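Below: the structure, in structure tokens.
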């Protein structure tokens with residue numbers, strides 16, 4: 440589970456942290472405040488290119 | 440009372456909905472679906488001149 444914040448003015452989506460049932464040791468931790476991008480296949484991915 | 444619809448995809452604000460406690464003959468009712476802008480003085484206004 441990861442939380443996305445949508446800017447009301449810009450319309451962009453950013454990662455605003457995440458919560459997991461287990462500890463997860465922050466292994467799957469994505470960077471907070473990074474712009475959210477749509478992959479070519481249509482998934483959600485932080486990679487620009 | 441003027442009702443504005445906000446498109447959450449990009450943040451654009453349009454005019455959609457007019458309410459009047461009197462008949463008002465729709466004197467102050469702009470056509471719905473017109474993109475609203477901000478005047479020089481910061482007011483909320485429809486013309487782009």
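Protein chains in written order, with the entry's author numbering: chain F, 440 to 488; chain d, 440 to 488. Heads up, the beta-carbon is just placed ideally off N, CA and C, and yes, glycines get one too.
Using a Cβ distance threshold of 8 Å, determine whether the region 476-486 of chain F contacts the region 448-455 of chain d, with at least three qualifying pairs required. Too few Cβ pairs lie closer than 8 Å, so no.
I need the boundaries of the beta strand (DSSP E) containing residue 445(F), first residue and last residue. Residue mapping note: residue 445(F) aligns to position 6 of the first chain, counting from 1. Start and end: 441-445.
Once you ignore the five residues that flank residue 458(F) on each side, which residues in its own chain have a CB closer than 7 Å to its CB? Position 19 of the first chain holds residue 458(F). 440.
Return yes when the Cβ of residue 471(d) is within less than 7 Å of the Cβ of residue 455(d), no when it is not. For the purposes of this step, residue 455(d) is taken as residue 16 along the second chain, with counting starting at 1. For the purposes of this step, residue 471(d) is taken as residue 32 along the second chain, with counting starting at 1. Yes, Cβ-Cβ distance for residue 455(d) and residue 471(d) is below 7 Å.
Selection of the region 469-480 of chain F by Cβ proximity to chain d, strictly under 8 Å: none
Reference residue 486(d); option with closest CA among 442(d), 453(d), 444(d): Sequence index remark: in the second chain, residue 486(d) carries index 47 (1-based). Answer by Cα proximity: 453(d).
Host beta strand (DSSP E) of residue 455(F) (start-end): By one-based count along the first chain, residue 455(F) stands at place 16. That run of the beta strand (DSSP E) goes 452-457.
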